[PDB]
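Contents: one structure, followed by commentary.
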Amino acid sequence: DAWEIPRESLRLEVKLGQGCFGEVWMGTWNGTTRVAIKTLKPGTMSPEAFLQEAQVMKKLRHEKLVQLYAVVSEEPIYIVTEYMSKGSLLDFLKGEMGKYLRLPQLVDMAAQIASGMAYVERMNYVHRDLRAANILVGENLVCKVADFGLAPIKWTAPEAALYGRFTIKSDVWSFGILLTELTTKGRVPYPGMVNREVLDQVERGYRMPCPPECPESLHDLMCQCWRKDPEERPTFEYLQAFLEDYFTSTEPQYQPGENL
Ligand SMILES: CCOc1ccc2cc(-c3nn(C(C)C)c4ncnc(N)c34)ccc2c1
């Protein structure tokens with residue numbers, strides 16, 4: 001398989017995160033190419049199960065999906081992808097950058113995520129775990145969809161959470177929650193609510209209100225993503241176009257405020 005590379009060609013420089021699976025590192029590849037590297041800890045998790053997420057990355061290719069570069073598919077396993085210099089979108093929003101992000105930057109970030117998910121939509125795949133922690137940020141506010149290991153009740157559509165009906169339309173619901181993460185600079189949704197209280201409230205028709213300084217027009221889009229019936233929720237194609245055109249077609253009189 002042409003994705004395979006020799007173990008000697010990777011240098012693991014700075015550790016970026018730990019977990020149940022293994023580790024993630026910034027590194028070099030072939031001595032020239034900055035990369036990110038994920039390792040599986042051999043005795044920790046199924047090796048057959050781990051390579052299925054890498055198989056999904058061999059097929060999907062798009063400027064807004066984190067790109068697979070190479071693999072070492074024998075234990076100890078290594079997975080090599082493009083390096084996203086600013087880490088997870090969740091960390092980015094909460095960190096020192098968050099305070100300067102305004103609505104124009106955040107909507108443009110939303111638009112890119114929608115573009116990647118529009119490609120996932122065209123290919124008839126389902127992500128299942130769309131949220132800020134699974135988006136990565138590069139230079140110039142480039143945002144890419146990551147982590148297809150599944151392909152979090154607060155991000156999951158009711159029909160998916162309750163009955164296992166995962167579809168691209170349940171991803172749209174999550175995207176709607178992701179818009180709140182973007183507009184609150186990365187606060188956990190449904191603040192002050194535990195999981196069980198979220199499920200009962202949501203089924204009884206509760207939806208998060210307009211975030212502070214978020215234009216009503218963007219909150220309406222959130223509400224479209226949270227329609228009880230999955231079929232009446234918008235497509236990613238639609239979401240992409242709306243967000244791309246936002247500051248001309250929907251909010252041409254937008255004024256900067258304190259936070260958004
Ligand atoms: C089947 C496994 O496929 C992979 C392989 C590598 C991956 C690297 C990152 C990643 N995390 N981070 C920090 C937030 C810890 C990153 N920082 C910069 N670049 C990255 N690429 C990552 C995320 C998901 C990945 C999935």
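Residues are referred to by chain and number: the chain letter is A, B, ... according to the order shown in the structure tokens, the number counts from 1 in that chain, and ligands are numbered separately from 1 in the order shown.
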
Let me have all residues with an atom within 9 Å of ligand 1, counting only C-alpha atoms and all ligand atoms, laid out as an NGL selection string.
-> :A and (15-18 or 23-26 or 35-40 or 50-57 or 66-68 or 78-91 or 133-138 or 146-149)

Output file for the selection above: C-alpha atoms, as a short mmCIF file (atom, residue, chain, number, x, y, z; two decimals), in the first residue's frame:
```cif
data_model
loop_
_atom_site.label_atom_id
_atom_site.label_comp_id
_atom_site.auth_asym_id
_atom_site.auth_seq_id
_atom_site.Cartn_x
_atom_site.Cartn_y
_atom_site.Cartn_z
CA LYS A 15 4.07 16.30 22.27
CA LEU A 16 0.64 17.91 21.72
CA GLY A 17 -1.81 15.65 23.62
CA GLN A 18 -2.46 12.30 25.33
CA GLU A 23 -0.52 10.36 21.66
CA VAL A 24 -0.34 13.24 19.16
CA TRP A 25 2.94 14.92 18.18
CA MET A 26 4.24 17.70 16.00
CA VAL A 35 3.53 17.07 10.10
CA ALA A 36 1.25 15.92 12.91
CA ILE A 37 1.61 12.30 14.09
CA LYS A 38 -0.87 10.16 16.04
CA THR A 39 0.33 6.96 17.74
CA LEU A 40 -1.67 4.02 19.04
CA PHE A 50 -7.88 1.93 14.73
CA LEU A 51 -6.96 1.43 11.03
CA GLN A 52 -10.63 1.77 9.95
CA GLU A 53 -10.51 5.51 10.80
CA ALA A 54 -7.34 5.77 8.66
CA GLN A 55 -9.09 3.92 5.76
CA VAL A 56 -11.80 6.61 5.80
CA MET A 57 -9.02 9.24 5.52
CA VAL A 66 -7.58 17.35 7.69
CA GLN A 67 -5.47 15.50 5.11
CA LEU A 68 -3.83 12.07 5.64
CA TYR A 78 1.69 5.80 13.53
CA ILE A 79 -0.71 8.04 11.53
CA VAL A 80 0.64 11.13 9.77
CA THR A 81 -1.54 14.09 8.73
CA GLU A 82 -1.04 17.73 7.82
CA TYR A 83 0.02 19.89 10.76
CA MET A 84 -2.61 22.35 11.99
CA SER A 85 -0.58 25.04 13.73
CA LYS A 86 -3.31 26.42 16.04
CA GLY A 87 -4.67 23.17 17.52
CA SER A 88 -8.32 22.44 18.22
CA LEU A 89 -10.90 25.10 17.48
CA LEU A 90 -12.23 24.71 21.05
CA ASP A 91 -8.82 25.62 22.53
CA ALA A 133 -13.09 19.99 19.70
CA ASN A 134 -13.02 18.02 16.43
CA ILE A 135 -12.16 20.99 14.20
CA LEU A 136 -8.51 22.06 13.78
CA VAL A 137 -7.20 25.56 13.04
CA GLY A 138 -4.23 26.51 10.88
CA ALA A 146 -11.00 16.24 11.77
CA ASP A 147 -11.45 12.97 13.67
CA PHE A 148 -13.56 10.46 11.74
CA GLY A 149 -12.93 7.71 14.33
#
```

Quick one: DSSP helix (DSSP H, G or I) residues in stretch 49-243 of chain A, as JSON, numbers by chain?
-> {"A": [49, 50, 51, 52, 53, 54, 55, 56, 57, 58, 59, 89, 90, 91, 92, 93, 94, 103, 104, 105, 106, 107, 108, 109, 110, 111, 112, 113, 114, 115, 116, 117, 118, 119, 120, 121, 122, 132, 133, 134, 139, 140, 141, 153, 154, 155, 158, 159, 160, 161, 162, 163, 168, 169, 170, 171, 172, 173, 174, 175, 176, 177, 178, 179, 180, 181, 182, 183, 195, 196, 197, 198, 199, 200, 201, 202, 203, 216, 217, 218, 219, 220, 221, 222, 223, 224, 225, 230, 231, 232, 236, 237, 238, 239, 240, 241, 242, 243]}

Wanna dump the stretch 158-236 of chain A-stretch 250-253 of chain A contacts at 9 Å for me, each residue with its shortest atom pair and the distance in Å to one decimal, counting only C-alpha atoms, ordered by chain and number, as CSV?
```
residue,atom,partner,partner_atom,distance
A:215,CA,A:251,CA,8.1
A:217,CA,A:250,CA,7.2
A:218,CA,A:250,CA,8.9
```

Contacts of residue A:21 at 7 Å or less, counting only C-alpha atoms, minus same-chain residues fewer than 4 places along, as a PDB file with N, CA, C and O atoms, in the first residue's frame?
```
ATOM      1  N   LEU A  40      -0.854   4.912  18.231  1.00  0.00           N
ATOM      2  CA  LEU A  40      -1.667   4.022  19.041  1.00  0.00           C
ATOM      3  C   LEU A  40      -0.737   3.326  20.041  1.00  0.00           C
ATOM      4  O   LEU A  40       0.343   2.848  19.664  1.00  0.00           O
ATOM      5  N   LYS A  41      -1.156   3.277  21.305  1.00  0.00           N
ATOM      6  CA  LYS A  41      -0.435   2.545  22.347  1.00  0.00           C
ATOM      7  C   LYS A  41      -0.864   1.075  22.230  1.00  0.00           C
ATOM      8  O   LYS A  41      -2.034   0.755  22.460  1.00  0.00           O
ATOM      9  N   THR A  44      -3.191  -0.779  24.596  1.00  0.00           N
ATOM     10  CA  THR A  44      -4.340   0.045  24.978  1.00  0.00           C
ATOM     11  C   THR A  44      -5.621  -0.318  24.221  1.00  0.00           C
ATOM     12  O   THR A  44      -6.652  -0.560  24.848  1.00  0.00           O
ATOM     13  N   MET A  45      -5.557  -0.358  22.890  1.00  0.00           N
ATOM     14  CA  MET A  45      -6.770  -0.417  22.057  1.00  0.00           C
ATOM     15  C   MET A  45      -6.617  -1.313  20.830  1.00  0.00           C
ATOM     16  O   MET A  45      -5.499  -1.585  20.392  1.00  0.00           O
TER      17      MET A  45
END
```

Using only C-alpha atoms, which of the listed residues (A:111, A:161, A:97, A:70) sits closest to residue A:200?
-> A:161

Residue among A:164, A:152, A:192, A:76 lying closest to residue A:208, counting only C-alpha atoms =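 The shortest atom-to-atom distance to residue A:208 comes from A:192.
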
Give the strand (DSSP E or B) residues of stretch 4-229 of chain A, as DSSP finds them on the backbone, and put them as a count of residues only.
-> 43
